[PDB]
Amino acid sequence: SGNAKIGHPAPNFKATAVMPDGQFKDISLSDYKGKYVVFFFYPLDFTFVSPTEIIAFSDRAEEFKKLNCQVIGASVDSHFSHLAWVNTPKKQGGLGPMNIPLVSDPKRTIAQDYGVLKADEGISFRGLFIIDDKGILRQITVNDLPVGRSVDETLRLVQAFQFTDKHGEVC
């Protein structure tokens, strides 16, 4: 199930995020019209594989910015939980300061809209979605919980979609 379909508008959302400046902020996917978006879910805060993924995307956010691409992470934890994790230094097992926003999905409706809810557990799988600058979903990636994602592979995909966007442009 879910409503994430290739070639269709990616499901919009409006949710509280912890922004890179460390403050909250209600943001919507539609805020990022005109930019590509990498939108990725992770199961929950304060775990072992997820911080390595989050820090990798945050550390390399400049490479996405050079592609006019916004990276957004998300999980079902509360926005206070996200902020606590950001405020915990990397040296102590936290995220430390972030270059990307982290969305809170406490009612699980965004995870359900993207088809990545592990219903038996109330957490999301490791879903990653590439959305173009028109808001159209271009790529779906979902990993079972034990195996993380690759920033290199994500950049390869974003670059490839932008390259092919140039043949016979819809106008």
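Start at 1 with the first residue shown and count on from there.
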Inset, instruction - Output the stretch having the higher mean C-alpha B factor in the entry; the candidates are 136-144 and 100-108. - result: 100-108
Inset, instruction - Tell me which of 114-122 and 64-72 has the higher mean C-alpha B-factor in the deposited entry. - result: 114-122
Legend entry - Given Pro43, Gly127, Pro51, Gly34, the residue at which the Cα B factor reaches its maximum: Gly34
Legend entry - Among modelled residues of the same chain, the CA temperature factor third for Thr154: lowest
Legend entry - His82, C-alpha B-factor rank within chain (lowest, middle or highest third): lowest
